[PDB]
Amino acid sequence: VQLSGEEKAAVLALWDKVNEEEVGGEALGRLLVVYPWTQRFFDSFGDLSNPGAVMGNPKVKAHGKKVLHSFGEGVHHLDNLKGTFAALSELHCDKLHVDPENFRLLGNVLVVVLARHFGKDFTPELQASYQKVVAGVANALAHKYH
């Protein structure tokens, strides 16, 4: 993505403080509650019928952690996102056929969850850099569709 050296350092410094399990579980949980059609892909997680069931579901937390770990790989490879996400793009596009709009939705939810956890330290400027990161990841995941 197009990040200055100063933005990049700010992006990496925040990531050192990110608990991938806590943030990951919350980001996936919110996606499932706020955009419920996404539930179609996670039947195996069990009961997702209401917010309390979703946020407390151990399978939601475990999968969210894996999703965040993969975001972390992107954050540490900002210059080769397409290559970093090639295999995941195959899975999401060729096996699951997830519409790419949902990649953007998840990216935006992640940003809202970072805002919730970091409060005023998640400045307008730092949010801006994160928006470029999540757009970059969404585009790399959507690569096998094009």
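A residue's number is simply how far along the shown sequence it sits, counting from 1.
Remark: stretch with higher mean C-alpha B factor among 109 to 117 and 73 to 81 is 73 to 81. Between 2 to 10 and 136 to 144, it is 2 to 10 that carries the larger average Cα temperature factor according to the deposited entry.
Looking at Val98, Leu68, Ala53, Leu32, the one whose CA carries the top B-factor in the deposited record is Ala53. In this PDB entry, the Cα temperature factor of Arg40 sits in the bottom third of its chain's modelled residues, the lowest group. Among all modelled residues in its chain, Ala62 ranks in the middle third by Cα B-factor.
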